[PDB]
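Asker: Supplied in structure tokens, the structure appears directly below.
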Amino acid sequence: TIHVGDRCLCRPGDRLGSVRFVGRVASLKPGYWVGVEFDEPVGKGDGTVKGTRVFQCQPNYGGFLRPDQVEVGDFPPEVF
């Protein structure tokens with residue numbers, strides 16, 4: 001299970017980020033979605049869907065992914 005605040009690596013390409021949203025979003029496709037804020041500007045979006053905000057996020061840092069694309073783990077930003 002995926003919770004808001006979780007750290008993650010996301011497909012494709014092991015994109016590092018934080019889970020900002022988990023839930024259904026009708027204006028996308030049916031089923032559950034995970035809103036991710038990436039550390040780097042590798043997101044397809046900015047946390048909105050056709051303009052409507054779902055989670056706070058800046059342009060190029062936001063993605064909505066299916067849960068199968070999200071690996072929750074201990075992935076803190078590298079600092080040392």
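We name chains A, B, ... following the order of the structure tokens; residues begin at 1 in each chain, and ligands are numbered from 1 as shown.
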I'd like the contact shell of residue 44 (chain A) - 12 Å cut-off, only C-alpha atoms, skipping same-chain residues fewer than 2 positions apart - returned as JSON, numbers by chain.
Answerer: {"A": [12, 15, 35, 36, 37, 38, 40, 41, 42, 46, 47, 48, 49, 57, 58, 59, 60, 61, 62, 63, 64, 65]}
Asker: May I have the selected residues written with N, CA and C atoms, as a PDB file, in the first residue's frame?
Answerer:
```
ATOM      1  N   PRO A  12       8.785   5.317 -15.697  1.00  0.00           N
ATOM      2  CA  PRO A  12      10.017   4.657 -16.106  1.00  0.00           C
ATOM      3  C   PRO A  12      11.231   5.414 -15.597  1.00  0.00           C
ATOM      4  N   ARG A  15      12.685   7.374 -11.201  1.00  0.00           N
ATOM      5  CA  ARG A  15      12.543   8.775 -10.882  1.00  0.00           C
ATOM      6  C   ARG A  15      12.207   8.927  -9.408  1.00  0.00           C
ATOM      7  N   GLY A  35      -0.324  10.591  -6.996  1.00  0.00           N
ATOM      8  CA  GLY A  35       0.276  11.877  -7.355  1.00  0.00           C
ATOM      9  C   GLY A  35       1.654  11.947  -6.749  1.00  0.00           C
ATOM     10  N   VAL A  36       2.682  12.177  -7.561  1.00  0.00           N
ATOM     11  CA  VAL A  36       4.064  12.213  -7.060  1.00  0.00           C
ATOM     12  C   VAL A  36       4.687  13.568  -7.340  1.00  0.00           C
ATOM     13  N   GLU A  37       5.408  14.109  -6.354  1.00  0.00           N
ATOM     14  CA  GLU A  37       6.270  15.250  -6.607  1.00  0.00           C
ATOM     15  C   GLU A  37       7.703  14.750  -6.693  1.00  0.00           C
ATOM     16  N   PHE A  38       8.294  14.906  -7.866  1.00  0.00           N
ATOM     17  CA  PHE A  38       9.658  14.464  -8.087  1.00  0.00           C
ATOM     18  C   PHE A  38      10.667  15.449  -7.533  1.00  0.00           C
ATOM     19  N   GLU A  40      13.515  16.064  -9.069  1.00  0.00           N
ATOM     20  CA  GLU A  40      14.070  16.663 -10.270  1.00  0.00           C
ATOM     21  C   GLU A  40      12.922  16.933 -11.249  1.00  0.00           C
ATOM     22  N   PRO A  41      13.136  17.827 -12.210  1.00  0.00           N
ATOM     23  CA  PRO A  41      12.002  18.199 -13.059  1.00  0.00           C
ATOM     24  C   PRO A  41      11.736  17.185 -14.192  1.00  0.00           C
ATOM     25  N   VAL A  42      11.356  15.976 -13.759  1.00  0.00           N
ATOM     26  CA  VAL A  42      11.119  14.821 -14.623  1.00  0.00           C
ATOM     27  C   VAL A  42       9.640  14.408 -14.657  1.00  0.00           C
ATOM     28  N   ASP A  46       2.267  19.114 -13.419  1.00  0.00           N
ATOM     29  CA  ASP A  46       2.425  20.063 -12.323  1.00  0.00           C
ATOM     30  C   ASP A  46       1.392  19.810 -11.234  1.00  0.00           C
ATOM     31  N   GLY A  47       0.868  18.591 -11.150  1.00  0.00           N
ATOM     32  CA  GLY A  47      -0.130  18.297 -10.096  1.00  0.00           C
ATOM     33  C   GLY A  47      -1.565  18.652 -10.427  1.00  0.00           C
ATOM     34  N   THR A  48      -1.796  19.079 -11.654  1.00  0.00           N
ATOM     35  CA  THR A  48      -3.149  19.402 -12.121  1.00  0.00           C
ATOM     36  C   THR A  48      -3.636  18.410 -13.182  1.00  0.00           C
ATOM     37  N   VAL A  49      -4.956  18.375 -13.390  1.00  0.00           N
ATOM     38  CA  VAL A  49      -5.605  17.609 -14.461  1.00  0.00           C
ATOM     39  C   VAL A  49      -6.547  18.521 -15.246  1.00  0.00           C
ATOM     40  N   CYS A  57       2.062  21.565  -6.339  1.00  0.00           N
ATOM     41  CA  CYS A  57       3.266  21.167  -7.043  1.00  0.00           C
ATOM     42  C   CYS A  57       3.643  22.192  -8.093  1.00  0.00           C
ATOM     43  N   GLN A  58       4.925  22.281  -8.377  1.00  0.00           N
ATOM     44  CA  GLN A  58       5.403  23.212  -9.360  1.00  0.00           C
ATOM     45  C   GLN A  58       5.585  22.558 -10.733  1.00  0.00           C
ATOM     46  N   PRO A  59       5.489  23.349 -11.808  1.00  0.00           N
ATOM     47  CA  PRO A  59       5.580  22.768 -13.148  1.00  0.00           C
ATOM     48  C   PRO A  59       6.819  21.904 -13.362  1.00  0.00           C
ATOM     49  N   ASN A  60       6.606  20.764 -14.017  1.00  0.00           N
ATOM     50  CA  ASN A  60       7.653  19.786 -14.358  1.00  0.00           C
ATOM     51  C   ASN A  60       8.060  18.864 -13.231  1.00  0.00           C
ATOM     52  N   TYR A  61       7.409  19.000 -12.073  1.00  0.00           N
ATOM     53  CA  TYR A  61       7.710  18.137 -10.902  1.00  0.00           C
ATOM     54  C   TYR A  61       6.622  17.173 -10.545  1.00  0.00           C
ATOM     55  N   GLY A  62       5.498  17.255 -11.249  1.00  0.00           N
ATOM     56  CA  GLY A  62       4.327  16.486 -10.863  1.00  0.00           C
ATOM     57  C   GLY A  62       4.032  15.347 -11.804  1.00  0.00           C
ATOM     58  N   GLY A  63       3.690  14.204 -11.234  1.00  0.00           N
ATOM     59  CA  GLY A  63       3.164  13.120 -12.062  1.00  0.00           C
ATOM     60  C   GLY A  63       1.975  12.463 -11.425  1.00  0.00           C
ATOM     61  N   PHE A  64       1.099  11.892 -12.250  1.00  0.00           N
ATOM     62  CA  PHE A  64       0.067  10.986 -11.763  1.00  0.00           C
ATOM     63  C   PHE A  64       0.396   9.657 -12.363  1.00  0.00           C
ATOM     64  N   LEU A  65       0.629   8.688 -11.500  1.00  0.00           N
ATOM     65  CA  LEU A  65       1.060   7.388 -11.969  1.00  0.00           C
ATOM     66  C   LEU A  65       0.138   6.330 -11.440  1.00  0.00           C
TER      67      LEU A  65
END
```
Asker: Enumerate the residues of chain A with a DSSP assignment of strand (DSSP E or B), computed from the backbone, and present them as an MDAnalysis selection string.
Answerer: chainID A and resid 7:10 15:24 32:38 45 48:49 52:53 62:65 70:72
Asker: Using only C-alpha atoms, find the one residue out of A:50, A:39, A:3, A:13 that sits nearest to residue 26 (chain A).
Answerer: A:50
Asker: Would you tabulate, counting only C-alpha atoms, all residues of region 29-78 of chain A that have an atom at most 8 Å from an atom of region 4-8 of chain A, showing the closest pair of atoms and their distance in Å to one decimal, sorted by chain then ascending number, as JSON lines?
Answerer:
```
{"residue": "A:70", "atom": "CA", "partner": "A:8", "partner_atom": "CA", "distance": 6.3}
{"residue": "A:71", "atom": "CA", "partner": "A:8", "partner_atom": "CA", "distance": 5.3}
{"residue": "A:72", "atom": "CA", "partner": "A:8", "partner_atom": "CA", "distance": 4.4}
{"residue": "A:73", "atom": "CA", "partner": "A:8", "partner_atom": "CA", "distance": 5.6}
{"residue": "A:74", "atom": "CA", "partner": "A:7", "partner_atom": "CA", "distance": 6.4}
{"residue": "A:75", "atom": "CA", "partner": "A:7", "partner_atom": "CA", "distance": 5.7}
{"residue": "A:76", "atom": "CA", "partner": "A:7", "partner_atom": "CA", "distance": 7.1}
```
Asker: Which residue out of A:77, A:10, A:45, A:67 has the minimum interatomic distance to residue 31 (chain A) when only C-alpha atoms are used?
Answerer: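 Smallest separation from residue 31 (chain A) among the options: A:67.
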Asker: Which one is closest to residue 78 (chain A): A:16, A:28, A:34, A:2? Count only C-alpha atoms.
Answerer: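 Ranked by minimum distance to residue 78 (chain A), first place goes to A:16.
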Asker: Pick out the closest residue to residue 32 (chain A) from this set: A:53, A:20, A:66, A:11. Count only C-alpha atoms.
Answerer: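 Ranked by minimum distance to residue 32 (chain A), first place goes to A:66.
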Asker: At what distance in Å, to one decimal, does CA of residue 80 (chain A) lie from CA of residue 21 (chain A)?
Answerer: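 Between these atoms lies a distance of 28.9 Å.
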